[PDB]
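# Per-entry structural report
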Amino acid sequence: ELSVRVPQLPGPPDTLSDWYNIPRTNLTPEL
Amino acid sequence: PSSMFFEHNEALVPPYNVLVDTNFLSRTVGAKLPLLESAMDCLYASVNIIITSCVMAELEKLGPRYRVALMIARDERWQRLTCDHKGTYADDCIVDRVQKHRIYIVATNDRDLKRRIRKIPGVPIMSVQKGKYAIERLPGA
Amino acid sequence: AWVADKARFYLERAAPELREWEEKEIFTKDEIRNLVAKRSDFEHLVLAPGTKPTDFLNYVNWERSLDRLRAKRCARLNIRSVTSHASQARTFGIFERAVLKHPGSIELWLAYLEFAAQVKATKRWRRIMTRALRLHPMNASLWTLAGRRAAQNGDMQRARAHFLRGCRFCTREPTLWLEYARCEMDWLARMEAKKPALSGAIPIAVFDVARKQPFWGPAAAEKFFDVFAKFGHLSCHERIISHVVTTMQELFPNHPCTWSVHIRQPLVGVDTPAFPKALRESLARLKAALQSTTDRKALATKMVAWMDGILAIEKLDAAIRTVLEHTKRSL
Amino acid sequence: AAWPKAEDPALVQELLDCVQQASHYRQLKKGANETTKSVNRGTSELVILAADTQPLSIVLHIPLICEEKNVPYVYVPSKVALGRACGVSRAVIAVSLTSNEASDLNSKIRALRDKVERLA
Amino acid sequence: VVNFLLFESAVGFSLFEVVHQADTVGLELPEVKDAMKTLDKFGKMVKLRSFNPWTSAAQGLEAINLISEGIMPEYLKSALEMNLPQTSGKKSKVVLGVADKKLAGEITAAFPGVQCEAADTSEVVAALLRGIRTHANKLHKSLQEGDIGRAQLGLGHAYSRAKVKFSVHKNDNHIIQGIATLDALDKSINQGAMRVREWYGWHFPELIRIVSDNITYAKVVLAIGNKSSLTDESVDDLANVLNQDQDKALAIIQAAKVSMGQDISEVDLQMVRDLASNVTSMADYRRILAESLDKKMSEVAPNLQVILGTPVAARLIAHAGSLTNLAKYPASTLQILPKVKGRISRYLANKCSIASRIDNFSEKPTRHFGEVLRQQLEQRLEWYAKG
Amino acid sequence: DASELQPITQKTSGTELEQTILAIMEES
Amino acid sequence: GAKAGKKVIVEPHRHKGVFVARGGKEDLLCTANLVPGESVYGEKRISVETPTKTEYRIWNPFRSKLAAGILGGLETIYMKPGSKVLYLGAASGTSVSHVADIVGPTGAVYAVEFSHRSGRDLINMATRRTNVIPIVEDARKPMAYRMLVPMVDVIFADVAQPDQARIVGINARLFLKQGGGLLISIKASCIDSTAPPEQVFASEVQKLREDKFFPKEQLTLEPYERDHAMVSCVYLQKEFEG
Amino acid sequence: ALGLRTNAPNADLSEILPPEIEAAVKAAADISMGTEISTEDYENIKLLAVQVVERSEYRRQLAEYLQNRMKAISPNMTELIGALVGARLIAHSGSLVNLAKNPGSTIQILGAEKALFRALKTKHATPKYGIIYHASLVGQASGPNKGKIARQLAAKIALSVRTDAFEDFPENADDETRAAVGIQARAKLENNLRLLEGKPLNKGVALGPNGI
RNA sequence: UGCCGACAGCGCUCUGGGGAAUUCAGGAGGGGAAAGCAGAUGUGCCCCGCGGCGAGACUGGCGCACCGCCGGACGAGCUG
Ligand SMILES: [Zn+2]
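Described in the following lines is the structure provided in the data block.

Definitions and limits used
Residues numbered from 1 in each chain as written, not as in the entry; some residues may be left out. Chains lettered and ligands numbered in written order. Part of a larger assembly, values for the part shown. Heavy atoms only, no water. Residues with missing side-chain atoms left out of burial classes, pairs and counts. Salt bridge = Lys/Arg side-chain N within 4 Å of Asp/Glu carboxyl O. Helix = DSSP H or I, 4+ residues; strand = E, 2+ residues; numbered from the N terminus. Buried < 20%, exposed > 50% of the residue type's maximum accessible area, 1.4 Å probe, protein only. Contact = heavy atoms within 4.5 Å. Nonpolar A, V, L, I, M, F, W, Y, C, P; charged D, E, K, R; others polar. Near = heavy atom within 4 Å. Polar contact = N/O pair within 3.5 Å; in protein donor to acceptor, adjacent residues only side chain to side chain. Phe/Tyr/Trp six-rings, centres within 6.5 Å; stacked < 30°, edge-to-face > 60°. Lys NZ or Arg CZ within 6 Å of the ring centre and 35° of its normal. Donors = N, O, S within 2.8 Å, 3.2 Å for Na, K, Ca; no water. Tetrahedral: all angles 85-135°; square planar, octahedral: opposite > 155°, others 65-115°. Core = buried A, V, L, I, M, F, W, Y, C linked by side-chain atoms within 4.5 Å. 1 Å grid on protein atoms, 1.4 Å probe; cavity = no way out; pocket = protein on both sides within 12 Å on 5 of 7 lines; lining within 4 Å. Points joined across faces, edges and corners; volume = space filled by probe spheres on them. Expected span 1.5 Å × (residues − 1). Axes fitted to C-alpha atoms, helices over the stretch in contact; angles between N-to-C directions. Parallel < 35°, antiparallel > 145°, perpendicular 65-115°, else oblique. Left-handed = near helix turned anticlockwise from the far one by under 90°. Pairing = 2+ DSSP bridges.

## What about the pattern of salt bridges?
Taken as a whole, this structure holds nine salt bridges over all chains when the rule is applied. With a closest N to O distance of 2.7 Å, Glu81 of chain E and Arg165 of chain C form a salt bridge. One end of the pair, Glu81 of chain E, is in helix α4 (residues 74–83); the other, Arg165 of chain C, is in helix α8 (residues 156–169), on a second chain. The two residues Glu81 of chain E and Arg165 of chain C agree in class, both being buried. Notably, a salt bridge pairs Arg315 of chain E with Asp183 of chain E, separated by 2.4 Å at the nearest N-O pair.

Below, the structure is given as structure tokens:
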């Protein structure tokens, strides 16, 4: 009911909230 | 702007909307000219005249010795379009409103204002010429 | 955030009672500092942005308990000069800003009402009850508590007024209707104990409007019959019992509740040679209801529950007890 | 259901008059499918639908796209009279007259659409 | 002066007593409008006095419909009675702020002691209520069960549904997802059929050599048990499965006699009979769907059902997407959905399109129009045979 | 004074239940 | 033409939400579809398999004046993702579907249809997309859904009614936050058939400032429609939001 | 179980799922904005659901058969990895012996054929594993450990497969004595996995408060 | 859009230019937050004063669509 937490504590952003997360472009040489 | 064919305005149709300048109004009622009669005279066209709140204010900024012209301005039967700025500065009010809409005919009498409006295309220029009115840049006349 | 300053107001108004208590030998200086400290921390907790009715109740319990301790200790010191007025008033102001911040807590409201009622402020109590009813017009419990307080005081007209506004509102549950019938018949009993109400047609009338109420159920009429069957030592109790019986017989004829009331009907004010005769009469009713074409599981559950109450009461004969036991086992 | 019905007093006759004018000026599409395609292409200046038509769902489904495009549509009570006013030799239930940039029929459309705009 | 104000919202309606009313000359001042904006300033004007939530969705439906019509409801009257101090407006009045002028009129009717100001006219109470709506959810939060949002969705959907009577003539989603189910599970029956066919003919290939009708193949491999336990017309099965006495059962017996397929294991036959039970239950389900959806197709669109046939015509319904899409699509778009074949396709396109708009914009449709259109198509087939 | 709720008069009787019981109280 | 199945890419457009799909010989306008993989009106939609569920929908500018205005390049349409968006003129909900796809599963659209059958289409699209609630009544009487519309931030309006200025005035007075943003569509032929359309536009503007707005942008959505003007203004203030 | 949202307050749900959800859904079926549909429709809906749950149970007992029959054929391999992934292997193999002629590295990357041959035919980094990734034992490794387990599990799987594929048994042979080698592999290998999981980290000089 | 790239011409910028941690000093914007001290007086009683509801009882004049107005001043009871 009340359990121990998990610790997970350990740059420009990745997907865009203001556009429904278009991801950052991976750059294939074809692209 | 829409309906602007190479420094010619195709949208300017009677009832012509004209704008009134302070110095225009002053020298016309100096010249004892019925403004609307003389306007329908030079135009041979049905007119609605418009005075800006800046123009009205500037007239009132001129002193009590201009009271007749003030009353002439404040004759009710004409539209009153407001302004929303700080300036109360007639010339800028005119040039900005004319830029935005491009549907009017400006009536002034300063040559510097005339240069200013002559800079932009497609606007006609009214000035009384001490015998009558005098239109400059309207083709349908 | 202005929370320090608002606290400065309330604590500074708290000051001179504490000045007086310093000037009396009722508390020493370190205790005084403890008191001021605790008060300041609580007041800051109240005027915090994110606050909660539990925190409010905590604080007011603290102050009220202080009042009681102060009373006990000044009694031990045999000092009569100190009053409780300022403590009660600041206590009130706590309740007032509590209801301004969270108006929507029945819990905090009832704590407020109980506080007022234990200290003796009935005009104020009616006002508070007014505002609470205005904020929560669906709450049968508040409707009841208001009206029951009015009936216990005796102001029957205002009791009826609260109850009629409440039955005008809370039309989902029968609960207020049963409560109003309860207190109304209690008022009739008050009149009989003091010895129109000669007729006492009002529970018949509320039954009539119950017939068109939205919750209008057979089980609803059954619980109605139950609370009517309470305190049958009346005059027109047989009249109203006959009425509720014939109405639900006319409306829900073969309902197992209708058979249940057909059984338990002649047992209005009975405890006693009239006891086993009516027992045998209702037992004939019971055997008829059991053999009749009704939902026998539902009717038998009703009957074993009523028998559970019957065996819960004492002072009976063993042969009767065992034949009830057998008729229950046969279900 | 055909609550934008036209009334008697020469309104209907003005409709048929401008209809014949449009049939002559070739600014008129005719029949339900061509009316449909004209309003789909949005070119229609105004659309007129019969009311005496065998079951009316055709001239009921057209006002759906008329309500989409927001073009003035109007109910006329005689499809055979539409056929005659167009010059068909066949009775027509759906007609759609479109707009051009240079005509006085256009002014007639402006007046007629203002009248039906006051109507509905 | 304003003393109270109404606020009738999707969770309920609530009245505010006003303290420190608005700067009414200064309604046009900017610091006044930002002070209308900030909660820390507008709450120093409004305080909450009484609240009333709706009891049920139909009750709120009654509320919105009476309000939209203008008429007040009885429980609104209950609330107003319950809060406003009693009088008739002889020596004193109480002033209320309300949105609808009609509602104001009826409240002034029901109580003489109040003066109700419509926000349509009294601009300060208009701005006051507007401030109310702008600090909406932050005012009810202490007793707002949930938030305004989901309840609002519910109220709007309920309103426009009752207003336009939607469900009584909407069934196309039922139809289309029926068609989708048919197609998918038909494909499923086919793949399960070929799988069980291969996987049991692995044990007994004479069966797939002798019988077609993979469904009947499934039935007979259900009934078969093993290749070892054979008899022709054992009980109740082969008689209505196929020809029983002299055509199939003895042939199956001799096929199992001369059979040389592998001897099957018990768990394996249990597996394959589980599969066969599955697929035959699914086939029975398919015929259930066939009967049912044909009946629903008669229930909704009989005309197209009789001029093209229920399954394929239903396919056209779904491939359009809706009946409304179907009717709005012109006949050439229906065509997209020699020369004699082209001409007859165009003709039936005309006829299915008009029959589409018929069967759709009919409230409760008929049958005879589709009947006579089918007769027109039949006599057109005769006319094209003429030649 | 909206502080209290007032005992209901026939003028202030909204629902049929109130009208019935008020009739009973009037004949009382 | 832009035939189906071509490989195009999608990039963000400067208004939030809207994206632009460019590819081959075609560049066009698109928006993230909430209800994935289901058309609205037989509109074209764009799939993409990301390292599945995500699909976009194209708009036709010829269909929606909203689209046409964006292609003309308005400054800002005020309807960021999250913004409560009043619509006026729910013409069967096509553009309303598009704007719902803009405002996303956290936003809200409240729509007004007056005709009933258009409303059937509308409530159908509402039944699909949860973030739009319909309202079918008369837009001239915002008393008819004052219980139903809370305070919204952007009013789109595209009704073809001659009283359009006073309509939007009252609906704004009842439904707009201080710092209101609105767009409105102008069919000059519907307002005043005789007059030159630019002056028609001006008169509309002056009626709106009379009803206390401040216009800040305005353009003829010309190469997508004749004689219509999109007007962008603010209620009651100058800068947009607050 | 539940019929319509009309039936919702009278639907018993606790038997398939626990509460604290199946009263939230009761609130949901009350509050819901779903349109009304016929019982004639609900018959089709429910019967579809009977179909799909019959399908589900069928798949469940199928998987039961798969595990049992796999223990019957190759007990060593399902003592290593589990019947499902061993089945996938045998599937891509075609046959048991078709598997057992593979070498250990083939089993390590059994499956990832496009990825493998892309990386080889253009000289990119090779894929590390195929179906062994979803196999059970490797999920308890970590990263670089996952690679090391991938290799080790590869070779021991090839061992077990050749074992069950060729080693005869005197047929009075219990399954445990039959699968002892896979059992050995299980034990040794799980020990090695717990070791590399408990490999220490790199001692760093312990800084105090000062740089000292 | 790959490096490097002489001269000449231009720009920026100079306790040279990058980069990482970390410390302090401000700025700009997004949400979340009943964020709500306009005049902060214990309770209960009665009496007085004032004021409201308020059953009921009158009364004046007006009333050429004639249909009813509007006003004075008593009032049980309740209440601030
Ligand atoms: Zn100006």
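## A few points about the interface of chain D and chain G
In this complex, chain D contributes nine residues to the contact, which on the side of chain G involves nine residues. Among the elements of the structure, α3 (58–69) and α5 (105–119) of chain D are those that each provide at least two residues to the side of chain D that touches chain G. Ranked by the residues each element gives to the side of chain D that touches chain G, the list is headed by α3 of chain D, at four residues. For the side of chain D that touches chain G, the class distribution of residues is three nonpolar, two polar and four charged.

## Thoughts on the protein's contact with RNA strand I
The immediate surroundings of RNA strand I are formed by 30 residues, with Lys6 and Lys101 of chain C together with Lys44, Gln86 and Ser92 of chain E found nearest. For RNA strand I, the backbone portion of the atoms within 4 Å of the protein, that is sugar and phosphate, comes to 58%. Taking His85 of chain C, its side chain carries an N or O atom lying 3.2 Å from a base nitrogen of RNA strand I. Note that a base oxygen of RNA strand I is positioned 3.0 Å from one of the backbone N or O atoms of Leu100 of chain C.

## A look at the packing of aromatic side chains
Residues and elements named next belong to chain C. For the coordinates displayed, the defined rule picks out 28 aromatic pairs over all chains. Ring plane angle 80 degrees and centroid distance 5.6 Å describe the contact between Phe42 and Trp62, whose orientation is recorded as edge-to-face. Here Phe42, found in helix α2 (residues 29–46), pairs with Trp62, found in helix α3 (residues 53–76); they are 20 residues apart in sequence, far enough to count as distant. Owing to a relative accessible area of 17%, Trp62 belongs among the buried residues under this scheme. Look at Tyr59 and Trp62: their rings are 6.1 Å apart centre to centre, the planes differ by 15 degrees, and that puts the pair in the stacked class. Separated by three residues within a single helix, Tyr59 and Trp62 lie in helix α3, roughly one turn from each other. Across the pair, exposure class does not vary: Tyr59 and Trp62 are buried alike. Joined through ring pairs, the aromatic side chains of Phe92, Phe95, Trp109, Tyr112 and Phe115 make up one cluster. Above the ring of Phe92, the side-chain terminus of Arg124 is found at 3.6 Å from the ring centroid.

## Digging into the coordination of the zinc ion
Residue and element names in this part refer to chain B. Only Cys54 (SG), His85 (NE2), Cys93 (SG) and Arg97 (NH2) from the protein coordinate the zinc ion, and they sit 2.2 to 2.7 Å from it. Its four donor atoms give the zinc ion angles of 60 to 152 degrees at the centre, a pattern that matches the irregular case. Mapped onto the polypeptide sequence, the residues donating to the zinc ion form the spacing pattern C-x30-H-x7-C-x3-R. Placement of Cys54 in helix α3 (residues 53–61) and of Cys93 in helix α5 (residues 90–101) is noted, with a sequence separation of 39 residues between them. Using a relative accessible area of 1% as the deciding quantity, one classes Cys54 as buried.

## Section: the nonpolar core
Residues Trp177 and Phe228 of chain C, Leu80, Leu96 and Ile107 of chain E together with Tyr145 and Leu148 of chain G are the most contacted members of the largest nonpolar core, which totals 136 residues. Residues contacting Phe228 of chain C, with those up to four places away along its chain left out, are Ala181, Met185, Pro203, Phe207, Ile241 and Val244 of chain C. Grouped together as the second largest cluster of nonpolar side chains are 38 residues, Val39, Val59, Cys86 and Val92 of chain D included.

## Details of empty space enclosed by the protein
Residue and element names in this part refer to chain B. If you add up the space inside the largest cavity, you get close to 200 Å³. Lining the largest cavity we find 17 residues, and of these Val18, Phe24, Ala39, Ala107 and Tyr133 sit closest to its centre. Going through the elements one at a time, β1 (16–20), α1 (22–30), α2 (35–43), β2 (47–52) and β4 (105–107) are the ones with two or more residues in the lining of the largest cavity. Of all the elements, α2 adds the most residues to the lining of the largest cavity, at five residues. Residue composition of the lining of the largest cavity, by class: 16 nonpolar, one polar and no charged.

## Comments concerning helix α3 (residues 57–69) of chain E
Because each turn of an α-helix spans 3.6 residues, side chains separated by three or four positions in sequence point in the same direction. Look at α3 of chain E: 18 Å from first C-alpha to last across 13 residues, which is about the 18 Å you get at 1.5 Å a residue. Looking one or two places after α3 of chain E, you find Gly70 of chain E, whose phi comes out positive at around 115 degrees.

## Let's talk about helix α4 (residues 164–175) of chain G
Residue and element names in this part refer to chain G. Between its first and last C-alpha, α4 extends 16 Å over twelve residues, near the 16 Å set by a 1.5 Å rise per residue. For α4, the buried fraction is high: ten of the twelve residues fall into the buried class. All buried positions along α4 are accounted for by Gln164, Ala165, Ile167, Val168, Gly169, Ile170, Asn171, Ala172, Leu174 and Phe175.

## Let's talk about the packing of helix α9 (residues 172–201) of chain E against helix α14 (residues 266–300) of chain E
Residues and elements named next belong to chain E. Where α9 meets α14, the axes come as close as 9 Å, and the angle between the chain directions of the two elements is 155 degrees. The orientation of α9 relative to α14 falls into the category roughly antiparallel. Considering only the axes of α9 and α14, their crossing is left-handed. Within the contact of α9 with α14, the residues separate by chemical class into 15 nonpolar, five polar and three charged.

## A short note on the arrangement of the chains
The interface with the highest contact count, out of nine pairs of chains in contact, is the one between chains E and G. Across the gap from chain F to chain G, with no contact made, the nearest C-alpha atoms are 25 Å apart. Spatially, chain G is disjoint from chain H: no contact exists, and the shortest C-alpha separation is 8 Å.

## Looking at the environment of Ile204 of chain C
All names here are of chain C. Residue position: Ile204 is located in helix α10 (residues 202–210). Residue class for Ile204 comes out buried when judged on its relative accessible area of 17%. Ignoring sequence-local partners within four residues, the contact set of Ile204 consists of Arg239, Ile240 and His243.

## A few points about the sheet that holds strand β12 (residues 228–235) of chain G
Residues and elements named next belong to chain G. Here we have seven strands laid out as an open sheet, ordered β8-β7-β6-β9-β10-β12-β11, and mixed in their pairing. Here the strands that pair on one side only, and so sit at the sheet edges, are β8 (132–133) and β11 (213–220). Here strand β9 (residues 152–157) pairs with strand β10 (residues 176–187) via five bridges, running parallel. Within β10, the position partnered with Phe156 by the bridge is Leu183.

Any link to function would need more than the numbers given here.
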